[PDB]
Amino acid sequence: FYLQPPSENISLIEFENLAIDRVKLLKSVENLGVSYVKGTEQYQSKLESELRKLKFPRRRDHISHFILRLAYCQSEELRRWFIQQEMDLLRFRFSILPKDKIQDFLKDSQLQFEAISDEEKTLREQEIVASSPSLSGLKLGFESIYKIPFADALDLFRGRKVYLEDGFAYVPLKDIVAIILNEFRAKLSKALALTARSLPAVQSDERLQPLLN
């Protein structure tokens, strides 16, 4: 949820610094990316040692992010690169989060979903298990499943990676998030587009040359 640009003001030093700090964090998402794998805590804790150390902190991550937009909103390689690491980071931020607080961001969000009781769960377990990916096994595990409007699951059902029944998609909580993430990539991309759009009214400024280069 990196919307609403920071209206605060900061020294050219704050700016100048932050940028480099982030260019590092994402640069680190570049390191922890090809040197490891999502190998639990190794890839995790290592990433979360950079996290706090490098600063981000919430209000810091906020500003940091936006300032870097001015940076990578030019070359597509950047926009793809920036949106890239920026995502792996947002996932990480979820991973850790506990079941309690996770549920809040879901609700507090707008997505209208529900959790199904073992009632409908076993009844549809059969279908659900068949809709899924190559997801080996025939057990609908213990991970609860939700009932959300079929449209909201667009990226899932268009590839028959989920069960539709009566205009509803029945997905695991692993998938609801996966949806929210693509929604992120998308919304963000719309933003980098708009920034680049009005970048010109900022090219000329000298304080911003280190950054844009």
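Numbering starts at 1 and runs along the sequence shown.
>> Between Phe56 and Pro57, how many residues of the deposited sequence have no coordinates in this entry: none, 1 to 3, 4 to 9, or 10 or more?
In response: The entry has a long gap there, with 10 or more residues left out between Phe56 and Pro57.
>> Can you tell me whether 123-131 has a higher mean C-alpha B factor than 86-94 in this record, or the other way round?
In response: If you average the C-alpha B-factors of 123-131 and of 86-94, the larger mean comes out for 86-94.
> On average, are the C-alpha B-factors higher in 68-76 or in 103-111?
Replying inline: Higher mean C-alpha B-factor in the PDB entry: 103-111.
>> By the CA temperature factor listed in this entry, which of these ranks top: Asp155, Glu165, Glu30, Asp175?
In response: By C-alpha B-factor in the record, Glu30 ranks first.
> Lowest, middle or highest third: where is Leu51 by C-alpha B factor in its chain?
Replying inline: Tercile = highest for this residue's CA B-factor.
>> Based on the deposited C-alpha B factors for this chain, I'd like to know if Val171 is in the lowest, middle or highest third.
In response: Ranked within chain, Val171 CA B lands in the lowest tercile.
> Split the chain's modelled residues into thirds by Cα B-factor; is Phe150 in the lowest, middle or highest one?
Replying inline: CA B-factor rank for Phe150: lowest third.
>> What third of the chain does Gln209 rank in for C-alpha temperature factor, lowest, middle or highest?
In response: Its C-alpha B-factor belongs to the lowest third of this chain's values.
>> Going by the CA temperature factor in the PDB record, which third of the chain does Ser198 belong to: lowest, middle or highest?
In response: Its C-alpha B-factor belongs to the middle third of this chain's values.
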